[PDB]
Amino acid sequence: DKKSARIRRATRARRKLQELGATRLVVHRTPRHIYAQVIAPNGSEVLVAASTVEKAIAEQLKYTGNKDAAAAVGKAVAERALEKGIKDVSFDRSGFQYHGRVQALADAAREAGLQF
Amino acid sequence: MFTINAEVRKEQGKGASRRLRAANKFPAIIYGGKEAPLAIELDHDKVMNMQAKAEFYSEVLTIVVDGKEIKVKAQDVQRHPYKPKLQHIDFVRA
Amino acid sequence: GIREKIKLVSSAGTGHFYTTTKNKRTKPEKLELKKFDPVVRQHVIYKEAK
Amino acid sequence: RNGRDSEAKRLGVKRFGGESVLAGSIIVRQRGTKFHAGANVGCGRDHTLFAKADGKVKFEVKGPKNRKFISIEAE
Amino acid sequence: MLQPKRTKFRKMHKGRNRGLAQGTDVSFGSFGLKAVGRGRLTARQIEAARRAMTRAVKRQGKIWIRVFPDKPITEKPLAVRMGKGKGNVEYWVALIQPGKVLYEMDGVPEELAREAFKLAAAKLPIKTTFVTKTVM
Amino acid sequence: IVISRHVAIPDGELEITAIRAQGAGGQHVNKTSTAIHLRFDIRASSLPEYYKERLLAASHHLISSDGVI
Amino acid sequence: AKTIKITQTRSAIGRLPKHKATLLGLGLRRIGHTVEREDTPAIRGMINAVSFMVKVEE
RNA sequence: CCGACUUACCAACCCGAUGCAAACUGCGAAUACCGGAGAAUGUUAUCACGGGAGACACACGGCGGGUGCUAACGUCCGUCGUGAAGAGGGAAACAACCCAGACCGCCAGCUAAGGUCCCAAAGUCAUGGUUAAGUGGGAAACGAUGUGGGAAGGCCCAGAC
RNA sequence: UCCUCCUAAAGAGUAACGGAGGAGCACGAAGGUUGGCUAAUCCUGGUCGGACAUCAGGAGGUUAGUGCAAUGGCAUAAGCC
RNA sequence: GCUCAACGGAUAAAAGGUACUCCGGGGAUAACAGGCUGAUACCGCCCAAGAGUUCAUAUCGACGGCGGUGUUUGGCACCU
RNA sequence: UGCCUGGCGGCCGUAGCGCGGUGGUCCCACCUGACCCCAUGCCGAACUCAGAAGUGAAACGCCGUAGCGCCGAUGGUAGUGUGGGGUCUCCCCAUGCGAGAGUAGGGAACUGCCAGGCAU
Ligand SMILES: [Mg+2]
Ligand SMILES: [Mg+2]
Ligand SMILES: [Mg+2]
Ligand SMILES: [Mg+2]
Ligand SMILES: [Mg+2]
Ligand SMILES: [Mg+2]
Ligand SMILES: [Mg+2]
Ligand SMILES: [Mg+2]
Ligand SMILES: [Mg+2]
Ligand SMILES: [Mg+2]
Ligand SMILES: [Mg+2]
Ligand SMILES: [Mg+2]
Ligand SMILES: [Mg+2]
Ligand SMILES: [Mg+2]
Ligand SMILES: [Mg+2]
Ligand SMILES: [Mg+2]
Ligand SMILES: [Mg+2]
Ligand SMILES: [Mg+2]
Ligand SMILES: [Mg+2]
Ligand SMILES: [Mg+2]
Ligand SMILES: [Mg+2]
Ligand SMILES: [Mg+2]
Ligand SMILES: [Mg+2]
Ligand SMILES: [Mg+2]
Ligand SMILES: [Mg+2]
Ligand SMILES: [Mg+2]
Ligand SMILES: [Mg+2]
Ligand SMILES: [Mg+2]
Ligand SMILES: [Mg+2]
Ligand SMILES: [Mg+2]
Ligand SMILES: [Mg+2]
Ligand SMILES: [Mg+2]
Ligand SMILES: [Mg+2]
Ligand SMILES: [Mg+2]
Ligand SMILES: [Mg+2]
Ligand SMILES: [Mg+2]
Ligand SMILES: [Mg+2]
Ligand SMILES: [Mg+2]
Ligand SMILES: [Mg+2]
Ligand SMILES: [Mg+2]
Ligand SMILES: [Mg+2]
Ligand SMILES: [Mg+2]
Ligand SMILES: [Mg+2]
Ligand SMILES: [Mg+2]
Ligand code: NA
C-alpha cells in the first residue's frame, strides 16, 4: 500500500522529532487538498492548522491541490502559528518528497516567518 | 443419577489440600454461570468408586453442599500421577 | 595481514600527517582525502605517503 | 578440543528502576538493543544506554512491538 | 534399539531426575504400563521390553512406545584417570519419572495385555503398574 | 568373540585370569597382575563342528594336548 | 504503645547471617534473653523471620 | 512415444494427538541483587585515609551443579554452616554431624540435643494400637493363604465355598 | 593471548586436561549523510531453460540478510540501492 | 620496529643425558602394601524366548533386570 | 449535539486475521494527462506535477459474524525462601510466596486533539 509505504517512510523523522521534543509542522499531501498542522512536542494535540478544505482558503484558489494552493496553505498556517506565538517549528514531510507542493508549502511558511 | 456429599473448604492452598488428601478427602471446585466458584471437599473413597463408572463423566451429577443440591457435570479431573487416586475435580454447574 | 600502514601528509606546509592502512594490492591509487590540519586549523588535502 | 572461553563482559543493568543517576551514567550494558533509549537516554556505539539528564531511571514496554525502553524522569 | 538421529550435540550434562512425569495417561491404546518409580530406561531395556510384549501378544494388537531415550550417557574407558575430557557416548537412556506411561497397547483383551505387560516389566529396571485408558 | 559372520564365542566359554608378567618393571611388575592368561576349552565350547575338529587336529603352540587354547 | 515480649529460645550459632542480623535488629543476645519491643508490622516481620528460635508473648 | 493400476513399500509438507533439551523459549516463579522510604534494635556494627600484618596447601556437612559410575573420606565450582582457630553435652568410641560458644569460683537451680530396666543420671510412666521377626539391632529386583486396618465387588438359607 | 554460547544456581562474577565454536582481520567503501527500497522458500504461467538463471503473478511472512564464529540485536531497519 | 603466540612480554642471544650421580625437601606427589570405591573382576538371584524326540524351568538358558563379595585390574591420592 | 471522513497521537492483538455486508454530496482512493517541476540503473509502475471526466472495482473506512488469533479466572498441581524430618543425589511436614499449561469464560478495541462535510 502507498499509504503504509509512506507512513513507514515518515516514521524515522517523526520519531526523531518526538525524541528532540520539537513542535512540528506536519504536512499532508493528497491529489487534491494539501494540508498542514502545527502539533505540539507531545504530539497529541494540534497547535494550529490550515488546509485547502477550509473555505476561507479554498475561496481564493482556482484549484486546491497544486503548488499555488500549497503556498497559500503554507502562508496561512505560518501566519496563524506566528499569531499564536509559535515561531520555531520543525518540518515534517510525512513521507512525501520535499520537492513540489510540499516544498512550496514549506517555502511559503518560511517567507511568512516560521523558522525551519 | 450420582449424588456426592460435600463440605465447603475452610482453608485452601497447597498445605491445606495436602492435609485434605492425607485425611482421605480431596478438594474440588464448582464453577460456571454467574455464581462464584465454590471450593468443596469430597470423600475420596466415595467419589473414586463412583467415577469408576463411565457414566460419571456424562450424566448430570448432583452435589449436596450445605443441604443445597447443585446439578453439575464433571469437567476436569486431576488424577494422581501413578496411584489410583483423585487429586481434584472441576464441576461445571448444570 | 596484507594491509600496509601508510601516511597521509598534509598539503599545507605543515609536517602534519595522519596514519591509516591500505590494501595496496587492490587499491594502488593514492589516498587523496580532505582532513583537518590542526597546525593551520583548516581542512586541507592529505595525500598518501610512506 | 575444548578449553577456550572469553573474559566476561560485565553486561546488564547498572542502575535499576527508580534509581537517581547523573547525566552520563551508564544504565544498561547490552549487545543489541534489548532495551531501547527513551526520553533523556542515549544509546552508545556498543548499545550502552546512558543518562542524558539527571533524574530517575524508568523502564517501560511502550510501542507496537512491546519492546522495553529506558527513560530518565527529570526529577 | 531406539536412538536419535543427528542430535545437536554429542554429549550432555548428567542433570537430575526430579519431578513427576507428564505423559501420565493412556493416550493411544486401551492399556498401558506406567512407571511408579523413577530412573533411567536404556534403549536396550526398552527394546527388551518391547520384544517381550510383541512376543506375548502375537502379531495382533498395536503397541506404542511412549518414551524415547534421547539422552546420551558417556563412560570413560577402563584404566583411564579422572579428567582428560568427558568420556565417550556408550548408550542412550530415557529419563523416567513416576507416572510416565512407557508403553501402550490396543487391540488385545485385558488379560493378554496384563500378562504381556508383566513379561515386559520383568525386563525393566523401574517399578511399573498396569493402567487403562480413563474417560476424561 | 566374533570369528565370522556365523561364529562368535559366547564370552562365558572363555576363562581369563590375571597373573604377574615376566621381565622388567620393578615392584609394579612384582606385585601387579597385568599379564592375562586366557583359557578356552574347545570341546566344552559352542564352536561349530569342523571348527572344533580343526582346532583339535591342529598342532599349535597355543593349544594344549587336552584341547584347551 | 502496645509492646510485645520476645524471648530467644534457641542458639544463634549455625544460623544464617540474615537470621543473626535479625536477632541483632531485635536486640536478642542470649538464649532465654527477653526484650520488649514495639508491636509494629516491621517487628512482626522480624519475629516471623526468626520465629523458629524466638518465643512471643503479647 | 505414450501410459492406471502394482504402488499391498517407503514416504515430504500439512493437520490432529505424545514426549524430550546445558548450549530450545509464543510463558515464568520463589529467592537473590540494586534503589527509595519508615520504625525499632545494634558499644559505628559503615566508609575513607594512615601504621602493622598474616594468608593466597583448606577439610567435611547441607543445598545447586560440572566431571566421575545419579562411585569414592574423589575432583572442580557457587552458597551457607562447622572445623581450621571452639572447649562443653549427644551420636559407644567418632576435627567437619546434632545441641551449644568455656572470664574465674560454687558439694545450688532450669533446660538443649539426646535420653529415663542394669552397666549409667532420669518413667520397669499412663492410654490406644502394631510386631514374634530378637524385626527392632544393615540391603534390591522379585517371591509368599505371615499378620493388622480400610474401601468396594462376585456368588450365597430358591442353599454359596 | 583474545572473542561467542553453555556450565553459571533469573544482578555481576564464578572452576575443571568440562561441553561446543571462532579470532591474530577486512573495508576510502563495506565509513558519514541524504533519498529511496524490503527478504527466504514454494506454486502457477513463460524461448532456449533444466531441481535450480532471467520474466510475470500469487502464497508466504523474515522461516531472509547482516564482510568472517556465536550470542544478543536489527523494519524508524543495523538488511538492500 | 616484537607468532616478545609460554601472548603482564625474566636475556639481544640457549638443546639434551645421568643406571656414575649429588644436595635440599615432599607422603603437598607416583611405584609396594593398607584405606575409600566397586567401573572391572568373581559369585548369587529375577524374567523367561528358546534348546532339551513332546516338555521353559532334569540340564542349559537368549534379550533384559536386581544384588552380594572385597580375591583382580583399576579410580582416588587419605597413611607411610 | 449527533453521524461521516481526513490528519496527528495515546494504547499495542479483548485491539490482528478470516468470512459476509456496506460507503462516494464532502473526504479518501483508484482515476485523467504529462513537453514541462521532478522521475525510471528500462517503464508517468513508483516518485512528481497539471487536473477531475468516471468509479467505489481494488484499496480504505464502517457495520455484522468467533472460524481462528488474542485475553482469561477460580480451584488444583509444579516449583520454591525459612525451619524441621525421612526410607535421602529423591521426597515429606510447618509456614510464607506460588506458577506454566489447561478449564469456565471474555472477546469483532477503547480513547485524546484538530480539521472538514452532512444533519441539526
Ligand atoms: Mg487555534
Ligand atoms: Mg510446603
Ligand atoms: Mg562468558
Ligand atoms: Mg626399566
Ligand atoms: Mg596387589
Ligand atoms: Mg563348561
Ligand atoms: Mg548447630
Ligand atoms: Mg533452560
Ligand atoms: Mg600460590
Ligand atoms: Mg590455592
Ligand atoms: Mg552436591
Ligand atoms: Mg577431599
Ligand atoms: Mg572431596
Ligand atoms: Mg593451619
Ligand atoms: Mg567441638
Ligand atoms: Mg563432643
Ligand atoms: Mg556411631
Ligand atoms: Mg562421650
Ligand atoms: Mg564467652
Ligand atoms: Mg527434649
Ligand atoms: Mg539409674
Ligand atoms: Mg509400663
Ligand atoms: Mg537385626
Ligand atoms: Mg548471572
Ligand atoms: Mg544468581
Ligand atoms: Mg556495514
Ligand atoms: Mg536512509
Ligand atoms: Mg511451466
Ligand atoms: Mg603480532
Ligand atoms: Mg609466560
Ligand atoms: Mg602470561
Ligand atoms: Mg614471565
Ligand atoms: Mg636426597
Ligand atoms: Mg597423601
Ligand atoms: Mg605431611
Ligand atoms: Mg595403592
Ligand atoms: Mg522346545
Ligand atoms: Mg586397590
Ligand atoms: Mg585432595
Ligand atoms: Mg599405612
Ligand atoms: Mg468522484
Ligand atoms: Mg469495495
Ligand atoms: Mg492459582
Ligand atoms: Mg495461570
Ligand atoms: Na477439561
Side-chain angles (χ1 to χ4, degrees), chain A residues 1 3 8-9 11-12 15 26 28 30 35 37 39 43-46 49 51 53-54 63 65-66 97 99-100, chain B residues 12 14-15 17 27 29 31-32 37 39 45 49 75-76 78 87-88 90 92, chain C residues 1 3 27 31 33, chain D residues 2-3 6-8 10 12-13 16-19 30-34 47 63-64 66, chain E residues 8-9 11-20 22-23 27-28 38 44-45 47-49 51 55 66-68 70-71 75-76 78-79 81-86 119 122-125, chain F residues 18 26-28 30-34, chain G residues 11 13-14 16 24-27 37-38 40 42-43 49 52:
Chain A
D1 182 19
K3 169 71 72 64
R8 81 140 166 75
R9 204 186 298 129
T11 301
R12 188 191 188 247
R15 306 274 69 74
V26 195
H28 181 237
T30 291
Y35 301 94
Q37 311 180 271
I39 299 171
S44 66
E45 65 91 18
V46 184
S51 46
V53 291
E54 296 162 354
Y63 185 57
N66 74 94
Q97 284 288 289
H99 165 57
Chain B
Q12 68 196 28
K14 170 177 274 195
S17 298
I29 194 80
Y31 54 79
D45 269 343
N49 287 334
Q75 178 62 25
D76 190 48
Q78 286 174 17
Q87 288 199 294
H88 195 254
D90 293 350
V92 283
Chain C
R3 215 161 158 96
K27 306 298 175 67
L31 262 178
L33 283 176
Chain D
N2 311 326
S6 280
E7 184 68 26
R10 326 275 199 279
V13 181
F16 292 83
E19 196 156 347
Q30 41 186 1
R31 298 289 75 156
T33 53
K34 270 190 175 201
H47 305 102
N66 292 298
Chain E
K8 269 178 195 183
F9 308 95
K11 306 163 168 63
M12 51 179 288
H13 288 348
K14 195 196 312 298
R16 299 297 180 260
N17 204 16
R18 298 188 39 191
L20 299 158
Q22 297 300 336
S27 287
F28 307 90
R38 157 194 329 280
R44 286 183 188 273
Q45 297 159 357
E47 183 57 82
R51 291 159 178 184
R55 217 186 300 100
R66 300 278 312 279
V67 300
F68 214 70
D70 66 50
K71 171 176 168 70
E75 276 163 355
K76 311 278 281 307
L78 201 152
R81 301 285 173 86
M82 291 289 99
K84 321 271 186 51
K86 182 154 195 172
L119 287 194
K123 311 291 180 187
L124 295 182
Chain F
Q27 288 194 75
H28 191 259
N30 292 352
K31 301 289 299 193
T32 309
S33 292
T34 69
Chain G
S11 189
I13 284 177
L16 294 177
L24 183 145
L26 282 164
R37 294 288 164 255
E38 289 85 335
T40 70
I43 308 292
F52 62 93

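The figures here come from the full heavy-atom set of this structure, side chains too, leaving out hydrogens, waters and symmetry mates. Just so we're on the same page: letters track the sequence lines, and every chain starts at 1.
- Within 4.0 Å (heavy atoms only), A/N66 reaches sugar-phosphate atoms of the nucleic acid but no base atom.
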(request) Indicate for each nucleotide in nucleotides 25-34 of chain H, in 5' to 3' sequence, whether protein heavy atoms under 4.0 Å reach the base (B), only the sugar-phosphate (S), or nothing (-). (result) -------SSB

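- In this strand, I/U66 does not stack on its neighbour I/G67 by the test of ring centres under 5.5 angstrom and planes under 30 degrees.
- Between E/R81 and the phosphate of J/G75, there is a side-chain N or O to OP1/OP2 separation shorter than 4.0 Å.
- Each of F/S33 and E/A48 was assigned the nucleotide of RNA chain J with the nearest heavy atom; the assignment lying further toward the 5' end belongs to E/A48.
- Taking atom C1' on both H/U75 and J/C36, the two are 14 Å apart, rounded to the nearest angstrom.
- Heavy atoms of B/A39 sit nowhere under 4.0 angstrom from any nucleic acid atom.
- E/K84 comes within 4.0 angstrom of a base, heavy atoms only.
- If you check every strand for non-hydrogen atoms under 4.0 Å, E/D70 touches a base.
- Residue-level contact check: A/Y63 touches the bases, meaning some heavy atom is under 4.0 Å from a base atom.
- Listed nucleotides J/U72, K/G6, I/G73 differ in distance to A/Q37; the shortest reach to its side chain belongs to K/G6.
- Heavy atoms of A/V53 sit under 4.0 angstrom from primed sugar atoms or phosphate atoms, though from no base atom.
- Only the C1' atoms considered, K/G107 is 15 Å distant from K/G64, to the nearest whole Å.
- Both conditions hold for I/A64 and I/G65, whose six-membered rings have centres under 5.5 angstrom apart and planes under 30 degrees, so their bases stack.
- With the rule of ring centres under 5.5 Å apart and planes tilted under 30°, the neighbouring bases I/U54 and I/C55 are not scored as stacked.
- At the heavy-atom level, A/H28 lies under 4.0 Å from the strands shown only through sugar-phosphate atoms.
- Residue F/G26 is classed as having no contact, given no heavy-atom separation below 4.0 Å to the nucleic acid.
- At K/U22 the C1'-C2'-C3'-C4' dihedral is positive, so the sugar adopts a north, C3'-endo-type conformation.
- Using a 4.0 Å heavy-atom criterion, one finds that E/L124 contacts the sugar-phosphate atoms exclusively.
- Between A/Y35 and K/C28 there is a side-chain polar atom (N or O) within less than 4.0 angstrom of OP1 or OP2.
- The six-membered rings of H/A22 and its strand neighbour H/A23 lie with centres under 5.5 Å apart and planes within less than 30°, so the two bases count as stacked.
- Stacking status of I/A30 with I/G31: not stacked, per the base-ring test of centres under 5.5 Å and planes under 30°.
- For the pair F/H28 and E/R44, both in contact range of RNA chain J, the more 5′-proximal nearest nucleotide belongs to F/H28.
- With H/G65, J/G65, J/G74 as the candidates, the nucleotide lying closest to the side chain of E/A79 is J/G74.
- Separating the P atom of I/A40 from that of I/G61 is a span of 15 Å, rounded to the nearest Å.
- Judged by the 3.5 Å cutoff on both pairing distances, K/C19 and K/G64 qualify as a Watson-Crick or G-U wobble pair.
- Nucleotides J/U80 and J/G24 fail the base-pair criterion, which asks for a Watson-Crick or G-U wobble arrangement whose two donor-acceptor distances both fall under 3.5 Å.
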